[PDB]
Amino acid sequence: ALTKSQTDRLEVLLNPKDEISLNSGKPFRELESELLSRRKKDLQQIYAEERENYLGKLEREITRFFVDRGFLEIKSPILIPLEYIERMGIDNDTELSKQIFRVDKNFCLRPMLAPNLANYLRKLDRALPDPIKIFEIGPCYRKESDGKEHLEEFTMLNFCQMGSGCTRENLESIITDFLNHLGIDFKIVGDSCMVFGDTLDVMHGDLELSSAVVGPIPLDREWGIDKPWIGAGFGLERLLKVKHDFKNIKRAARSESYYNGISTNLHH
């Protein structure tokens, strides 16, 4: 019989690669020591072999996928004006606004990539041929209640296309090719949100990997966009969670407590 604290300690040392079946009759210390040795070995293997961080590696794989398929790689600011949020229709008397990490009086950590990419679509329309295809991967921030599927600091992919080819069929096709490339099964369910209207939610079981939108939408007017567009936002830690069978998304996050899903707290 273990205390909750003991159970918690073993849980954090366990990994999806471990056998989780029976309760052992071994004392807590012996169980802890066994899992510590396993996790040290896992880190030694990573160090000897690839030495890549799984979140970094996924970001690189996703980057290559989109660049090879004609999408321009964007790197825009993480710190953005609060005004961008207001202009997405998220005023400060909305429940959604409560999730915003404010920085000084007028700025915030971006909770999404959409405003930045809207600006890029509008600007690039003056230079690029049809269709315009762009994407960004990077940090986004939301205040969240503690949960196994949510992080306050996470990583978003957003791709979008503007001009011709902006149909629901093409959007679903891009999503399908993308998740097929990552080896992730999914289904599409129609849903909606107040910022974008109707959406296509990309689900793995009960876990939302992405929400996708077929534009145009009325909100486009506030961003100087007047062409059809399609786009989708994906959480990289969620993609990693599914790929590696992590139960808690914290295993997939930027962290000092987990590295590639392995506890970094390997003292007794």
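Note that residue numbering follows the sequence shown and begins at 1.
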item	value
Mean C-alpha B-factor comparison - 200-208 and 66-74, higher one	200-208
108-116 set against 82-90, stretch whose average Cα temperature factor tops the other in the entry	82-90
Candidate set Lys40, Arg238, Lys57, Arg29 [ranked by C-alpha B-factor, highest]	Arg29
Among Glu136, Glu144, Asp177, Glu153 - the residue whose C-alpha B-factor is largest in the record	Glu144
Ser164 - Cα temperature factor, lowest/middle/highest third of chain	highest
Modelled-residue ranking by C-alpha temperature factor, third containing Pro216	highest
Chain-wide C-alpha B factor ranking for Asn158, given as lowest, middle or highest third	lowest
Entry-reported Cα temperature factor of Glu19, expressed as the chain third it lands in	highest
Third of the chain, ranked by Cα B-factor, where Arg251 sits	lowest
